[PDB]
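Written out below as structure tokens is the structure these notes cover.
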Amino acid sequence: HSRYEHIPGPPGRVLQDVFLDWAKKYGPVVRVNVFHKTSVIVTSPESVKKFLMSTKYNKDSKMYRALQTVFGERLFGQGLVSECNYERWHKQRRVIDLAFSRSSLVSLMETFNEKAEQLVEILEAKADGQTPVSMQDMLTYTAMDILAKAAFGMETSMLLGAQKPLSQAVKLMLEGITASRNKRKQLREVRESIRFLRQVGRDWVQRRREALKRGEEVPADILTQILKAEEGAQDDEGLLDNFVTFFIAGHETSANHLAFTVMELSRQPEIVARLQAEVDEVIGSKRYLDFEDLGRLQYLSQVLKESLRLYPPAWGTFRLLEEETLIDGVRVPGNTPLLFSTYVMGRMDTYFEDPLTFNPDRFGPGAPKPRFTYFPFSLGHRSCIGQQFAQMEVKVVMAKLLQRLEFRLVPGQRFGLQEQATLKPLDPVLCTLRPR
Ligand code: HEM
Ligand SMILES: O=C(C1CCN(c2cncnc2-c2ccc(F)cc2)CC1)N1CC(F)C1
């Protein structure tokens, strides 16, 4: 008699689609196997509210092992995403929060604008209606160049075709996370890629420390606060865990969200005409979007919320259930990982009418707000520290694309998903482009 046997469950697609099928068939508490562990997927809004909105429930560290270390190489270690002890998390969260204040983020608008403008100019030169362009690749290069400058004061210049070894290292590390949760050459390429990313942190931290000593210019950035959180530490391993955490987390989900949005909008010509009209009316001929302009792009804000409902790059989270608890009529044993999924809840007709329809008007003013059914940045104390940074950067990039260019998805390109650390388009989002 297995400890989970009594829980309801089974006797371009991802595992999350299988979980969706099972939540619909077996109800709000279902036993699954994920990251090699038995867990329970909990899909009632009452459960999302109870477990995400209380500091009583902490993240289940077992479900973060493949971010902490891959194939025996330390990756994110005990950085801000993967630290599951409340007190150790809270200390670093409150120091790093200062880099995400309103004043800190408004000062990044110049960087967001400059990299968005550079992308647009590169794309405008290819806008012949014939040359295929990977929007997944171009949006990833743009997100990387933004993050490296905004967070670290470094110029990666991926939009100029630079840092190819770094681009390969990130790709192989993301494949390593995926393989670890589900040979000789794979192990070697993944392990060397993780060590490369930590050595980039060593190199960049040494550059920052030399700049501070020589009395050169250093703007207050995320790296300032990562350093501050480690003041008086025994070694640099905590520093490098947060360096790699922010270097990867600060670009990959943003790129995924951009690529999903461009992909979906390629089959939504009326919505695109509305977004083009909105950018035309709000920013006009301006080459630079001001902070005050972002809040005026209200239809774009709704489109991006709807993109996250259907295509959340980070599908959810886990909490550790410490004691046996009744969850929606089901007895869940103590020491169980509870899986929460914004991907699954977003596709359930219980929670969203016509869930596969892309309808920005779900997020219109005076529309009833989703109540614990929608959480692409999670909820509660472990919600995304980067949520407003991401929302600002992606609005800037999308507004500049919409101002200047028309995109058509190359026929044959698919709308399917893949999972490698995060959810992202299976295909490269190959488009042809024309100037507006
Ligand atoms: C559209 C883009 C993004 C999405 C969808 C997203 C999503 C999420 C989600 C779902 C979580 C909770 C993860 C968990 O419970 O294990 C999270 C946490 C986090 N994200 Fe993001 N994120 C985005 C952008 C960013 C950016 C831009 C940064 C950094 C600049 C970032 C850094 C982090 C960190 C460090 C955490 C851990 C926060 C904590 O536990 O205190 N994210 N994000
Ligand atoms: O692994 C994950 C998530 C992966 C996405 N995370 C991010 C959050 N915000 C920005 N970026 C990321 C990022 C991107 C690339 C990456 F390799 C790791 C992290 C949050 C954690 N778990 C949640 C549990 F179910 C296990």
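Chains: A, B, ... in order of the structure tokens. Residues: from 1 per chain. Ligands: from 1, in order shown.
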
Note to self: Distance limit 7 Å, reference ligand 2, atoms considered: only C-alpha atoms and all ligand atoms. Which residues make the cut? Give them as JSON, numbers by chain.
What the structure shows: {"A": [63, 64, 67, 81, 174, 248, 249, 250, 251, 252, 253, 314, 316, 317, 318, 384, 386, 421, 422]}

Which residues of range 89-155 of chain A sit at most 12 Å from range 211-222 of chain A, using only C-alpha atoms? Give each one's shortest atom pair and distance in Å (one decimal place), in chain and ascending residue order, as JSON lines.
{"residue": "A:92", "atom": "CA", "partner": "A:222", "partner_atom": "CA", "distance": 11.9}
{"residue": "A:93", "atom": "CA", "partner": "A:222", "partner_atom": "CA", "distance": 11.7}
{"residue": "A:95", "atom": "CA", "partner": "A:222", "partner_atom": "CA", "distance": 9.9}
{"residue": "A:96", "atom": "CA", "partner": "A:222", "partner_atom": "CA", "distance": 6.8}
{"residue": "A:97", "atom": "CA", "partner": "A:222", "partner_atom": "CA", "distance": 8.9}
{"residue": "A:98", "atom": "CA", "partner": "A:222", "partner_atom": "CA", "distance": 8.4}
{"residue": "A:99", "atom": "CA", "partner": "A:222", "partner_atom": "CA", "distance": 5.1}
{"residue": "A:100", "atom": "CA", "partner": "A:222", "partner_atom": "CA", "distance": 7.9}
{"residue": "A:101", "atom": "CA", "partner": "A:222", "partner_atom": "CA", "distance": 10.8}
{"residue": "A:103", "atom": "CA", "partner": "A:220", "partner_atom": "CA", "distance": 11.1}
{"residue": "A:104", "atom": "CA", "partner": "A:221", "partner_atom": "CA", "distance": 7.8}
{"residue": "A:105", "atom": "CA", "partner": "A:221", "partner_atom": "CA", "distance": 9.6}
{"residue": "A:107", "atom": "CA", "partner": "A:221", "partner_atom": "CA", "distance": 9.9}
{"residue": "A:108", "atom": "CA", "partner": "A:221", "partner_atom": "CA", "distance": 9.4}
{"residue": "A:147", "atom": "CA", "partner": "A:222", "partner_atom": "CA", "distance": 9.9}
{"residue": "A:148", "atom": "CA", "partner": "A:222", "partner_atom": "CA", "distance": 10.2}
{"residue": "A:149", "atom": "CA", "partner": "A:221", "partner_atom": "CA", "distance": 9.3}
{"residue": "A:150", "atom": "CA", "partner": "A:221", "partner_atom": "CA", "distance": 6.9}
{"residue": "A:151", "atom": "CA", "partner": "A:222", "partner_atom": "CA", "distance": 4.8}
{"residue": "A:152", "atom": "CA", "partner": "A:221", "partner_atom": "CA", "distance": 6.6}
{"residue": "A:153", "atom": "CA", "partner": "A:221", "partner_atom": "CA", "distance": 7.7}
{"residue": "A:154", "atom": "CA", "partner": "A:221", "partner_atom": "CA", "distance": 11.1}

Check: Restricting the calculation to only C-alpha atoms, which member of A:78, A:409, A:91, A:200 is positioned closest to residue 225 in chain A?
Finding: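 Checking each of A:78, A:409, A:91, A:200 against residue 225 in chain A, counting only C-alpha atoms, the winner is A:91.
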
Next item on the list: Skip range 4-16 of chain A itself and residues of its chain fewer than 4 positions away, then list as a ChimeraX atom specification all residues within 9 Å of it, counting only C-alpha atoms.
Entry: /A:20-23,25-27,29-32,34,38-40,315,330-333,341,343-344,414-419,423,425-427

Any chance you could export the current selection's N, CA and C atoms as a compact mmCIF listing (two decimals), in the first residue's frame?
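Result went into selection_0.txt, see below:
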# COMPACT_ATOMS: atom_id res chain seq x y z
N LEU A 20 -2.21 18.71 -17.59
CA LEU A 20 -3.50 19.36 -17.86
C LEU A 20 -4.57 18.29 -18.06
N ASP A 21 -4.26 17.33 -18.94
CA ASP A 21 -5.23 16.22 -19.23
C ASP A 21 -5.61 15.57 -17.89
N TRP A 22 -4.62 15.30 -17.05
CA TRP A 22 -4.89 14.61 -15.76
C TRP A 22 -5.67 15.50 -14.77
N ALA A 23 -5.39 16.79 -14.68
CA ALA A 23 -6.16 17.68 -13.79
C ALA A 23 -7.62 17.68 -14.26
N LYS A 25 -9.26 15.37 -15.86
CA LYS A 25 -9.85 14.01 -15.74
C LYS A 25 -9.99 13.69 -14.26
N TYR A 26 -8.99 14.03 -13.41
CA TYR A 26 -8.94 13.45 -12.04
C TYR A 26 -9.15 14.47 -10.93
N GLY A 27 -9.23 15.76 -11.26
CA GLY A 27 -9.68 16.81 -10.33
C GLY A 27 -8.53 17.64 -9.78
N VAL A 29 -6.53 17.64 -7.14
CA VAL A 29 -5.36 17.06 -6.42
C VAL A 29 -5.03 15.74 -7.09
N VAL A 30 -3.93 15.70 -7.84
CA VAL A 30 -3.58 14.54 -8.67
C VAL A 30 -2.13 14.13 -8.42
N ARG A 31 -1.85 12.85 -8.24
CA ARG A 31 -0.47 12.35 -8.09
C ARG A 31 0.21 12.26 -9.46
N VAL A 32 1.41 12.81 -9.54
CA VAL A 32 2.25 12.80 -10.76
C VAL A 32 3.68 12.45 -10.38
N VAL A 34 7.42 13.87 -11.36
CA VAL A 34 8.07 15.02 -12.01
C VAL A 34 9.44 15.18 -11.37
N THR A 38 7.72 11.73 -6.73
CA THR A 38 6.24 11.79 -6.64
C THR A 38 5.84 13.15 -6.09
N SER A 39 4.90 13.79 -6.77
CA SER A 39 4.35 15.08 -6.30
C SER A 39 2.84 15.09 -6.50
N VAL A 40 2.21 16.12 -5.99
CA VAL A 40 0.76 16.25 -6.15
C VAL A 40 0.50 17.59 -6.82
N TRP A 315 6.37 27.66 -15.75
CA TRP A 315 5.01 27.12 -15.63
C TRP A 315 4.53 27.08 -14.19
N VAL A 330 -8.91 15.64 -0.35
CA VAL A 330 -7.91 14.57 -0.58
C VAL A 330 -6.90 14.64 0.56
N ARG A 331 -6.60 13.49 1.14
CA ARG A 331 -5.59 13.35 2.22
C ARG A 331 -4.20 13.33 1.59
N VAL A 332 -3.43 14.38 1.83
CA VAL A 332 -2.06 14.45 1.27
C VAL A 332 -1.06 14.21 2.40
N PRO A 333 -0.24 13.13 2.26
CA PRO A 333 0.77 12.83 3.29
C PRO A 333 1.74 13.96 3.59
N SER A 341 0.66 25.07 -11.02
CA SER A 341 0.94 25.30 -12.46
C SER A 341 -0.01 26.35 -13.04
N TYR A 343 0.40 27.23 -16.10
CA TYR A 343 0.18 26.64 -17.45
C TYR A 343 -1.12 25.82 -17.45
N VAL A 344 -1.26 24.93 -16.46
CA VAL A 344 -2.43 24.02 -16.41
C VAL A 344 -3.68 24.85 -16.12
N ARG A 414 5.93 26.11 -36.63
CA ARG A 414 4.95 25.58 -35.66
C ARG A 414 4.72 26.48 -34.45
N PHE A 415 3.60 26.26 -33.77
CA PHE A 415 3.21 27.03 -32.56
C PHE A 415 3.48 26.16 -31.32
N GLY A 416 4.07 24.98 -31.49
CA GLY A 416 4.33 24.04 -30.38
C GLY A 416 5.38 24.56 -29.41
N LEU A 417 5.43 23.88 -28.28
CA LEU A 417 6.33 24.22 -27.16
C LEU A 417 7.43 23.18 -27.02
N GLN A 418 8.51 23.61 -26.40
CA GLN A 418 9.51 22.69 -25.85
C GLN A 418 9.77 23.12 -24.42
N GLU A 419 10.32 22.22 -23.61
CA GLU A 419 10.72 22.57 -22.23
C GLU A 419 12.21 22.33 -22.12
N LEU A 423 9.67 26.93 -20.58
CA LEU A 423 8.88 26.67 -21.80
C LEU A 423 9.23 27.75 -22.82
N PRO A 425 9.16 28.41 -27.52
CA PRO A 425 8.74 27.83 -28.80
C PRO A 425 9.68 26.71 -29.21
N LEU A 426 9.04 25.65 -29.72
CA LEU A 426 9.80 24.52 -30.33
C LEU A 426 10.61 24.98 -31.56
N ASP A 427 10.01 25.81 -32.39
CA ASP A 427 10.64 26.31 -33.62
C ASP A 427 11.30 27.65 -33.34

Check: By how many Å are CA of residue 294 in chain A and CA of residue 393 in chain A apart?
Finding: 9.9 Å

Next item on the list: For residue 275 in chain A, list every protein, DNA or RNA residue within 10 Å, evaluated using only C-alpha atoms, and leave out those in the same chain fewer than 5 positions away; present the list as JSON, numbers by chain.
Entry: {"A": [269, 270, 280, 281, 297, 298, 299, 300, 303, 398, 399, 402, 403]}

Check: When you draw a straight line from CA of residue 51 in chain A to CA of residue 319 in chain A, how long is it in Å?
Finding: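 About the pair CA of residue 51 in chain A and CA of residue 319 in chain A: they are 7.3 Å apart.
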
Margin query: Considering only strand (DSSP E or B) as DSSP defines it on the backbone, what residues of range 259-324 of chain A qualify? List them as number ranges by chain.
Written below: A: 316-321

Note to self: My list of candidates is A:433, A:158, A:258, A:320. Which is closest to ligand 1 when distances are computed with only C-alpha atoms and all ligand atoms?
What the structure shows: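 Of the candidates, the smallest distance to ligand 1 is held by A:258.
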
Contacts of range 356-373 of chain A at 10 Å or less, counting only C-alpha atoms, minus same-chain residues fewer than 3 places along, as a compact mmCIF listing (two decimals) with N, CA and C atoms, in the first residue's frame?
# COMPACT_ATOMS: atom_id res chain seq x y z
N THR A 43 -4.68 22.22 -8.25
CA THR A 43 -5.19 23.17 -9.26
C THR A 43 -6.42 23.91 -8.79
N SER A 44 -6.78 23.92 -7.53
CA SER A 44 -7.88 24.77 -7.08
C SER A 44 -7.34 26.14 -6.70
N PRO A 45 -8.08 27.22 -7.02
CA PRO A 45 -7.68 28.55 -6.61
C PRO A 45 -7.54 28.68 -5.09
N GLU A 46 -8.38 27.99 -4.34
CA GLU A 46 -8.32 28.03 -2.87
C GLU A 46 -6.95 27.49 -2.40
N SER A 47 -6.46 26.48 -3.08
CA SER A 47 -5.14 25.88 -2.76
C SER A 47 -4.00 26.83 -3.16
N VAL A 48 -4.08 27.43 -4.36
CA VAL A 48 -3.07 28.41 -4.78
C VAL A 48 -2.98 29.50 -3.70
N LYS A 49 -4.13 30.06 -3.30
CA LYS A 49 -4.14 31.14 -2.30
C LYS A 49 -3.52 30.64 -0.98
N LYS A 50 -3.97 29.48 -0.51
CA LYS A 50 -3.50 29.02 0.84
C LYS A 50 -1.99 28.84 0.88
N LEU A 52 0.52 29.61 -1.61
CA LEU A 52 1.47 30.63 -2.12
C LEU A 52 1.45 31.90 -1.28
N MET A 53 0.32 32.24 -0.64
CA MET A 53 0.22 33.56 0.04
C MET A 53 0.59 33.49 1.52
N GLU A 264 2.67 34.14 -31.49
CA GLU A 264 1.20 34.13 -31.45
C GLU A 264 0.70 35.29 -32.29
N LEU A 265 1.31 36.47 -32.15
CA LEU A 265 0.79 37.63 -32.89
C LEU A 265 0.88 37.43 -34.39
N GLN A 268 -2.50 36.69 -35.55
CA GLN A 268 -3.53 37.58 -34.96
C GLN A 268 -3.48 38.94 -35.61
N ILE A 271 -5.50 41.92 -33.96
CA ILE A 271 -4.86 42.39 -32.71
C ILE A 271 -3.59 43.18 -33.04
N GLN A 298 -1.80 50.44 -22.86
CA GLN A 298 -2.70 49.56 -22.09
C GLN A 298 -3.08 48.32 -22.89
N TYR A 299 -3.40 48.41 -24.16
CA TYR A 299 -3.73 47.21 -24.95
C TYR A 299 -2.49 46.29 -25.03
N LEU A 300 -1.31 46.87 -25.25
CA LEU A 300 -0.09 46.03 -25.25
C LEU A 300 0.02 45.32 -23.92
N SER A 301 -0.21 45.99 -22.81
CA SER A 301 -0.10 45.34 -21.48
C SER A 301 -1.04 44.12 -21.46
N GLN A 302 -2.27 44.25 -21.97
CA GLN A 302 -3.25 43.14 -21.96
C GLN A 302 -2.78 42.00 -22.86
N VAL A 303 -2.28 42.29 -24.05
CA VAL A 303 -1.74 41.28 -24.97
C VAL A 303 -0.64 40.51 -24.26
N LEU A 304 0.24 41.20 -23.57
CA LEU A 304 1.37 40.48 -22.94
C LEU A 304 0.85 39.66 -21.77
N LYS A 305 -0.15 40.11 -21.02
CA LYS A 305 -0.75 39.26 -19.97
C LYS A 305 -1.37 38.00 -20.59
N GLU A 306 -2.07 38.15 -21.70
CA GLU A 306 -2.72 37.00 -22.37
C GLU A 306 -1.66 36.06 -22.90
N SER A 307 -0.58 36.56 -23.46
CA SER A 307 0.55 35.73 -23.89
C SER A 307 1.04 34.89 -22.72
N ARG A 309 -0.67 33.93 -20.06
CA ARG A 309 -1.68 32.96 -19.63
C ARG A 309 -1.49 31.68 -20.43
N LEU A 310 -1.36 31.77 -21.75
CA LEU A 310 -1.24 30.59 -22.64
C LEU A 310 0.18 30.05 -22.67
N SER A 341 0.66 25.07 -11.02
CA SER A 341 0.94 25.30 -12.46
C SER A 341 -0.01 26.35 -13.04
N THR A 342 0.56 27.51 -13.38
CA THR A 342 -0.21 28.55 -14.12
C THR A 342 -0.45 28.10 -15.56
N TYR A 343 0.40 27.23 -16.10
CA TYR A 343 0.18 26.64 -17.45
C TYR A 343 -1.12 25.82 -17.45
N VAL A 344 -1.26 24.93 -16.46
CA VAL A 344 -2.43 24.02 -16.41
C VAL A 344 -3.68 24.85 -16.12
N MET A 345 -3.65 25.72 -15.10
CA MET A 345 -4.88 26.46 -14.74
C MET A 345 -5.28 27.37 -15.91
N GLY A 346 -4.30 27.90 -16.65
CA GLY A 346 -4.63 28.82 -17.76
C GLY A 346 -5.39 28.11 -18.86
N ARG A 347 -5.24 26.80 -19.00
CA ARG A 347 -5.85 26.03 -20.12
C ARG A 347 -7.10 25.25 -19.67
N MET A 348 -7.54 25.44 -18.43
CA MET A 348 -8.75 24.75 -17.90
C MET A 348 -9.97 25.65 -18.13
N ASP A 349 -11.00 25.10 -18.79
CA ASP A 349 -12.27 25.83 -19.01
C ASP A 349 -13.00 26.12 -17.67
N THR A 350 -12.70 25.39 -16.59
CA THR A 350 -13.22 25.68 -15.23
C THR A 350 -12.83 27.12 -14.90
N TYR A 351 -11.63 27.55 -15.35
CA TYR A 351 -11.09 28.86 -14.91
C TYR A 351 -11.08 29.93 -16.00
N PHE A 352 -11.00 29.54 -17.26
CA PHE A 352 -11.01 30.47 -18.39
C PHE A 352 -11.97 29.95 -19.45
N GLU A 353 -12.99 30.74 -19.75
CA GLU A 353 -13.91 30.40 -20.86
C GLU A 353 -13.12 30.31 -22.18
N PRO A 376 1.93 33.93 -13.77
CA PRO A 376 3.16 33.76 -14.54
C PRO A 376 4.44 34.26 -13.90
N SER A 378 4.52 33.88 -10.43
CA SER A 378 4.15 33.30 -9.13
C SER A 378 3.49 34.37 -8.26
N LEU A 379 3.31 34.05 -6.98
CA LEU A 379 2.54 34.87 -6.04
C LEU A 379 3.24 34.76 -4.69
